[PDB]
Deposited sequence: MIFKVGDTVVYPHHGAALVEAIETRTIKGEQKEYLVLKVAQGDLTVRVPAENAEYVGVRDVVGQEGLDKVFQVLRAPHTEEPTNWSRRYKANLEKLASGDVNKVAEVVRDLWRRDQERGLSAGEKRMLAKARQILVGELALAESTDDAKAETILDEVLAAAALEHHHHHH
């Protein structure tokens, strides 16, 4: 489909924080607006509450926790053990860690391996499990929200982000 010079709409997914809610009466009804901190404070976006179709993320994670997860999934230079066993054992340790950032590394590495060379049976089952742990650490206590979240995270996992300002 794509060729050099093509312009597309890219969804730069990221963490946003509700810093304020504005209530207005427009005659003669109540209207609520979210004031969002997005891009780590570089941008304020104000959006109607009823037109805010965004997946929520747990408070223990927060804006910084969520942006960190995105950074991990989008990390371009990864170091993966070449040998299956060393790699499997390391990811096993990561899934048992309780650190969402390490779970993200597993999800990232395995999604990329899947599209690149394909997964072994155990690796495929590991990916199914890691994705579910990651979503579980992030999503609000909903199955539709978890599906959307899983898609967003999977797409991020495939992306290498290079920052140059």
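- In sequence order, the gaps in C-alpha coverage of the deposited chain fall at 1, 143-146.
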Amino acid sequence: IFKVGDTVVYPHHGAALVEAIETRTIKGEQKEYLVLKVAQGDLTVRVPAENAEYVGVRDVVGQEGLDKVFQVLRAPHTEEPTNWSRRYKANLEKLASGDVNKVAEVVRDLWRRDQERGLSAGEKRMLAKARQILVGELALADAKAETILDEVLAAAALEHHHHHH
From here on, numbers count along this sequence of modelled residues.
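- Of the two segments, 28-36 and 96-104, the one listed with the higher mean B-factor is 28-36 (C-alpha atoms only).
- Per-stretch averaging of Cα B factors for 53-61 and 66-74 places 53-61 on top.
- Taking the PDB entry at face value, the top CA B factor among 156, 143, 149, 17 belongs to 143.
- As recorded in the entry, 117 carries the highest CA temperature factor of 125, 117, 131, 46.
- Ranked by Cα temperature factor within the chain, residue 137 sits in the highest third according to the deposited record.
- In the PDB entry, a CA B factor belonging to the lowest third of its chain's modelled residues is recorded for residue 161.
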